[PDB]
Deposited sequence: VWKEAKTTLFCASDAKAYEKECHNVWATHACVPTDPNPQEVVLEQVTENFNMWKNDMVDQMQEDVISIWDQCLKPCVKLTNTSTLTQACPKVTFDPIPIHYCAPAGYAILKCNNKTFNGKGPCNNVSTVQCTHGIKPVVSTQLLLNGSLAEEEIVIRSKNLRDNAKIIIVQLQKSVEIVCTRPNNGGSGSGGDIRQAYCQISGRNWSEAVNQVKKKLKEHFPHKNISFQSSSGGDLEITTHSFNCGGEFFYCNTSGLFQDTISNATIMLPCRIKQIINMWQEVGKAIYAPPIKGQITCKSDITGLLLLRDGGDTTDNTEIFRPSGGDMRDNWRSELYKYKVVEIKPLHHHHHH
């Protein structure tokens, strides 16, 4: 159980102008062409997704990616003002693998319902993690991995309402967000199957109810905070989308097609550090991301629930939680 400096590996192509590729060609080595996995027999190891230095390293790398790929024109902090060249770039996240250096291995939990904190009974050793897209978002976790058997609820302590709940879905729900070619260059929309979304919500609700027996599970919109957190926010092709999810986080959801209104914003509250980053107006043309919703970030309301209802609202903002949603099954160990 030691802290070491992981290295990254990817399939980035040197000819590719896409920024994640450009960053990874310099920062990472090539993906392991022949990866070996060794099942450890009759072995139990403790994992803690909430105290895992792998998360802090990924955070540093995504910050480094965004420093190259999403350079704001103006960056404001309470101690600083920066004005700089801010060219548009080609942006589409690629998978990144995190790898143990010599004298260290990465243990991988293979229990398919492991909650991320406690003993794992089916462990194997790997050199590198599977490829993980560094997708930055709030509310909905996009383009990540699915739970194999059932929905998994992950929290440092479910009884602490202040702690984020990471939900991992078993079945993904598609979301297509589009700023059409064109009147209002900042208006966009997402389309999602209400049938599929509603089924996901119902399954997540049933899993939550197992931890709050005799309580009715309600989903509601965020109580307040920055727009990054009160909307589903993500970057699509270099543009910052803010998508209203009032249609999603409700107790009555239609089985028809749901349309979410979105805005593209130039002024964003940064996740990397406290401050504002100001970007140039959106590129021309159709901007579209079709993504798989593979998880949720939820916060449960605190206080006496007079109604016998537990209320859950979408949340996010600390992108370490995004990385935890993928790194929960891994831990770095010193071989000897």
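Ranges missing from the model, given as deposited sequence positions: Missing from the model are residues 1-3, 186-191, 346-353.
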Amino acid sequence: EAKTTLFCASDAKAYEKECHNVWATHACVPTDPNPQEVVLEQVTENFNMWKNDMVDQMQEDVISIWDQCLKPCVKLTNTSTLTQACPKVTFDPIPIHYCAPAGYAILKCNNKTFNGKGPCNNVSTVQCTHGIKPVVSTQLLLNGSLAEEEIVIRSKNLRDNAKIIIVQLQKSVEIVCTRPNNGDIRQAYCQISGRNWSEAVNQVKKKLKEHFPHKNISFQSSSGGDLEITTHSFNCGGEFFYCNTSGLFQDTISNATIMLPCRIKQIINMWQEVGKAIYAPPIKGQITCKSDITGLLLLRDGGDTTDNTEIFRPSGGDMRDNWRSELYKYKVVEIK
From here on, numbers count along this sequence of modelled residues.
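Higher-scoring stretch by recorded Cα B factor average, 34-42 or 283-291: It is 34-42.
Between 256-264 and 97-105 (mean CA B-factor, as deposited), the higher: That would be 97-105.
Out of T138, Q170, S80, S124, residue topping the C-alpha B-factor column of the entry: It is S124.
Position of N21 among the chain's modelled residues by C-alpha B-factor, lowest, middle or highest third: Its C-alpha B-factor, which the entry lists for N21, ranks in the middle third among residues of this chain.
Lowest, middle or highest third - CA B-factor, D251: Middle third of the chain for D251's C-alpha B-factor.
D226 - Cα temperature factor, lowest/middle/highest third of chain: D226: CA B-factor falls in the middle third of its chain.
Among modelled residues of the same chain, the CA temperature factor third for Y15: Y15: CA B-factor falls in the highest third of its chain.
Where the record places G183 (Cα B-factor, split into thirds across the chain): Highest third - that is where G183 ends up once the chain's C-alpha B-factors are sorted.
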